[PDB]
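What follows is a short report on a single structure.
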Ligand SMILES: CCCCCC(=O)SCCNC(=O)CCNC(=O)[C@H](O)C(C)(C)COP(=O)(O)OP(=O)(O)OC[C@H]1O[C@@H](n2cnc3c(N)ncnc32)[C@H](O)[C@@H]1OP(=O)(O)O
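Chains as they are written, first to last, in the deposited numbering: chain F, 175 to 456, 474 to 532; chain B, 15 to 75, 81 to 448, 482 to 532; chain E, 16 to 76, 81 to 212, 217 to 452, 481 to 532.
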């Protein structure tokens, strides 16, 4: 759906059912009930752009996956979007030529230093994604909504690949209601259209708090679990750093259905962190607790398949994706499932 | 050495595992006002029907038998179910390796023979000392929740302080039932919320039963005590099939073949004034067998009613705008309540009877910025996707998108009948009657209200052999 | 620090793949064997091995990385393949839980993408110090072998001892390949058997290649065994849906001298025999074929060849041994060959010269009726194209079983030397010394001059590539076991 003008009332139902809603700056707005009614019933004066302008839907409500600076911008974005997708759920996606190089490159080697020494210092997960994707390029879905998670379409050796990656730049990469629902519907769309999911994991868990709990992060945050566990496309997961609790479970772990899971030496897989010591012995007993600050216990049990040097990520991801193009997984027999709403 | 010695040794281990550990558990749980895992299974299952599996399962390297959970199968009112129940007294109900293997075994069994699973939860989630392994096992339980979604009914009893995986797995089941005063749900507890985020809150305010039943929607019902919640679950199962292929139970019925006084009472249930309201529950009770129904989400989004009842002994799902709260308009919560209820019922082949009196959507910056478009449209999708029989009775207001959504003929309803007080139009600013819609065939009948029960029942009988074609797709992409 | 972590990873990695390889080589030196990783590198294309579960360890507390088996995926001649390789030096190569999960991960992955599994076995048996858990994982592995059967090609290399539980998974795979001097297989070992037998008389390579039939090939050394498996995979599809490889060919459009030789390969005296391999090599591309079970039941030939570049299975009676009669061992050898090929959509070319069954009290009491009928079953159940070429003798039940028209064959051509009959010079107790009665009734489609065989087989094969046959609805049949 391109929203290129007013979109109110009955006019909003079809776009909300389509898979992508793209709005145009200044000239477009969406709401069910218009600001005239918000006055007569609420006694509040709102403009149309205050109530449902493009920024509201791109940053607060999530109804819009992209806002074009102008109409040509929006249409161009849709063209590029279609160029990653298949025509339907049976035919294959386009395959493009590629200038991928056999050989470790300077971009590959930068990953060895991208992770900071200090736990209190973060990084820009986009620095990782661009090193792995062809020409360092990707079309980002919901770029201004829930910026603590990145959902994007790119290509590896010419083949469409979906990317779900926690982003530690913003909100600590945590999983909250918005990040869960943003990533969850992306995965389900890609799984519907046979696009494999590459996940870059660096998660502290779900965001707790009265605010998150009272709006239903239990039923709303778990939607991303359902999405991954239902999906049957190939799934490769690269664990960069933190991997705690429900975060590690949900972000494409092996038990949720991932086909290949590789970890960097900075990956830290455990149930909690400095929170455990205390449901457990009601500060030496704290640094004893880095039997966990590494991936080697999970590797011991086979829960990750590889511990790789970061500079090797692109090259292993590419081989992994190639090894899975013939994947075929069976599905439950049902009219449909009953995902939480 | 002797065979008789080995049998006696078995008897000693059985006493150790089931009798003495039970008195340990009753000791501690009773001091907090709770029952034990085995007590709860005994209330739930038919007497004598419980077959326990994995009695002597132990952690590997105190290692009590069972590792903290009781599992097995039994029958509830004569039909088979599987069950697990957490023992909170063993390490806070946490899931280790053995614990988890037990839960995955009874889940695989239920998927194998196609019967419901009832999980009884009283746990602090994954066991920290076992590291990634306890995350692994909770992940595998969840994976079986998803692969069971729409295949076998899954019900969660929450009977204690539940955090982490013990709130995540029930959120994938079809129904979550909490118990007053003794139970909680939250992704992590208040002590951790404070030590990590500087938020000071009690358990009751962070995730007590009332919070989840009225504010978040996580809980479909809150029992007054443990027995009330278990009875609510047993009644729920009595409306549902065992899986998505076998048929739902049919009961004897004493429905009356002709007009009764309860039928006639419907002619005067709609007030003369458009300004005055009525209790939709009076309309529902008039149509359902014995005027009876089990209400889902009774305290959440009370402007809509979701309920299970019967007509002529067959299970029927009821979705109905409720004028006695917010005038029966739709908002975010009522859309998500009714959407998932409909999708569940369609998954298990329960027909949907809809009572429509919807003036439109609740306006405000709140509704709009929290995503009424993306979230209210879930109810549209749920209706349009369902293939079960659909009967809609329009009682009064019928405006715009609200009319479209609430089981109209254009979204898929098989039979749509209107009362003379139905106002089917694009808005209200006559046209304040149902005859324009009837003129186009958008509603199939205009009936006197007393004739509702007679006509709903005939329509249901007429649609039992309904069969509808589905899209060829892995799955849809419903808005989340 | 991040760099210290990356160095710690390099240290763990060298401990796991280079130090352990030095240790493993010194110990496999005491027995004349290669190491797990050396075999993996001989098998896979250079640079294609992706190793999984490098840093797996058992949980108890000497806990070496990998728990005694190297697993991963690679390619062979460009096509994807999975592999596991037992390390006999750690724990005697015995199976524990971590060990078992590595092979189970490698197996579920090949089932997932549809590619062959080659398992390189060199295993004491089962780790008694993990109790029932060792047996559970053997059973889980075998179970995967059964559900893969006829889905993905499975090949086992026996490159060391193989006793007890270690012998079941190879037995469930499609081909077992042993190595001279270094390898064994036995359910029960020589010590318990107490009898006075050595390991190589109880279950050495010759025993399984020539007497029990457990081994489909024995390589003179490890390099030969592995080279044989590489050649085998080159004839096969990756799984039961995708096609076998097609190669280019230099075949002649007309009659050659190698074709004309077939006119004179059948001797004038009916007592005199010939080498059936002379007919087979005439017909197949380059005169080449990979023989299966070459030292077992030599009275029948089972081989993989090519015709105009496409894979073809050959089943032929061999008059140079036992006159080419059928017995228990030739029936079971050919039956399982044909059922494997049918699983994997390889057409079956039969060369028939069968005078009947080998008679005796041992054939009867050892069960020729239910073991000989396995070959009848295999032919009759197969749906793949079947072309049958009858060179000489064609008597009775042997004629019926060996690819006849009525058992399912799509095309039967007879040489003029073919004698199709209920019997030979035994009934009275040039009437039946020809095929013309069968041809009269339509039981053979063509009576050809032997020189025409290659050309007519190639034609017919091409004519049947789009063949399709509906198979019964049933969980499975009940073939006699
Ligand atoms: C299906 C979806 C996928 C699922 C993915 C996952 O599983 S990821 C899940 C991620 N994490 C979790 O599920 C864990 C969340 N749970 C917690 O953080 C905590 O347990 C809590 C918030 C409930 C706080 O519990 P408390 O510390 O208050 O303990 P409480 O007073 O209730 O009684 C607990 C007794 O048992 C211990 N105990 C409590 N919880 C424990 C636990 N999770 N692991 C180990 N031990 C625990 C306590 O140490 C104490 O024993 P002693 O005092 O005698 O020693």
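Where is the CB? At the ideal position from N, CA and C, for every residue including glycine.
Is residue i near ligand 1 - that is, is its Cβ less than 8 Å away from at least one heavy atom of it?
i                      : result
residue 210 of chain B : yes
residue 348 of chain F : no
residue 157 of chain B : yes
residue 299 of chain F : no
residue 187 of chain B : yes
residue 207 of chain B : yes
residue 453 of chain F : yes
residue 381 of chain F : no
residue 483 of chain F : no
residue 475 of chain B : No atoms are given for residue 475 of chain B, which sits in the stretch of chain B between 448 and 482 that the model skips.
residue 114 of chain B : yes
residue 111 of chain B : yes
residue 143 of chain B : yes
residue 405 of chain F : no
residue 423 of chain F : yes
residue 220 of chain B : no
residue 80 of chain B  : In the model shown, chain B runs from 75 to 81 with nothing in between, leaving residue 80 of chain B without coordinates.
residue 194 of chain B : no
residue 182 of chain B : yes
Strictly below 8 Å CB to CB, what residues from chain F border residue i?
i                      : result
residue 527 of chain B : 362, 365, 366, 404, 527 and 528
At a CB-CB cut-off below 7 Å, which residues of chain F make contact with residue i?
i                      : result
residue 225 of chain B : 384 and 387
residue 105 of chain E : Those within 7 Å of residue 105 of chain E in chain F number zero; the least Cβ separation is about 17 Å.
Alpha carbons only, please: which of the options is nearest the one belonging to residue i?
i                      : options                       : result
residue 494 of chain B : B:505, B:247, B:369 and B:431 : B:431
residue 301 of chain F : F:360, F:387, F:421 and F:374 : F:374
residue 71 of chain E  : E:121, E:60 and E:98          : E:121
residue 211 of chain B : B:143, B:372 and B:230        : B:143
residue 492 of chain B : B:503, B:504 and B:444        : B:444
residue 353 of chain E : E:62, E:114 and E:380         : E:380
residue 294 of chain B : B:338, B:346 and B:249        : B:346
Could you work out which residues of chain E lie near residue i, taking near to mean beta carbons separated by less than 8 Å?
i                      : result
residue 440 of chain F : 17 and 20
Give the interface partners of residue i over in chain B, defined as CB-CB distance under 7 Å, in chain order.
i                      : result
residue 293 of chain F : Here the premise fails: no neighbours, minimum Cβ distance about 15 Å.
residue 327 of chain F : Within 7 Å Cβ-Cβ: nothing; residue 327 of chain F doesn't reach chain B, min ~15 Å.
residue 523 of chain F : 166 and 170
Mind pulling the chain E residues with CB within less than 9 Å of residue i?
i                      : result
residue 287 of chain F : 17 and 18
Can you pull the chain E residues whose beta carbon is under 7 Å from the beta carbon of residue i, in chain order?
i                      : result
residue 491 of chain F : 70, 71 and 72
residue 510 of chain F : 65
residue 500 of chain F : 21 and 24
residue 515 of chain F : 132
Taking residue i as part of the alpha helix (DSSP H), name the residues at either end of that continuous run.
i                      : result
residue 140 of chain B : Counting along the chain, residue 140 of chain B falls outside any alpha helix (DSSP H), though it belongs to the beta strand (DSSP E) covering 136 to 140.
residue 385 of chain E : 384 to 388
residue 122 of chain E : 116 to 132
For the beta strand (DSSP E) containing residue i, name the first residue and the last one.
i                      : result
residue 197 of chain E : 194 to 198
residue 409 of chain F : 409 to 418
residue 376 of chain F : 371 to 377
Would you call the region 327 to 344 of chain F in contact with the region 304 to 311 of chain F, where contact means no fewer than 3 C-beta pairs closer than 8 Å? yes
Mind the definition here: the region 410 to 418 of chain F touches the region 248 to 265 of chain B only if three or more C-beta pairs lie below 8 Å; say whether that holds. no
Hey, is the region 197 to 210 of chain F in contact with the region 224 to 244 of chain F, meaning 3+ C-beta pairs nearer than 8 Å? yes
Below 8 Å, can you find three or more Cβ-Cβ pairs linking the region 237 to 251 of chain E to the region 182 to 198 of chain E? Taking 8 Å as the limit for Cβ pairs, the verdict is that the region 182 to 198 of chain E does touch the region 237 to 251 of chain E.
Using 8 Å as the cut-off, can you tell me whether the region 181 to 194 of chain E makes contact with the region 152 to 171 of chain E, which would need three or more C-beta pairs spanning the two stretches below that distance? yes
Pairing CB atoms from the region 436 to 451 of chain F with CB atoms from the region 27 to 34 of chain B, are three or more of them under 8 Å? no
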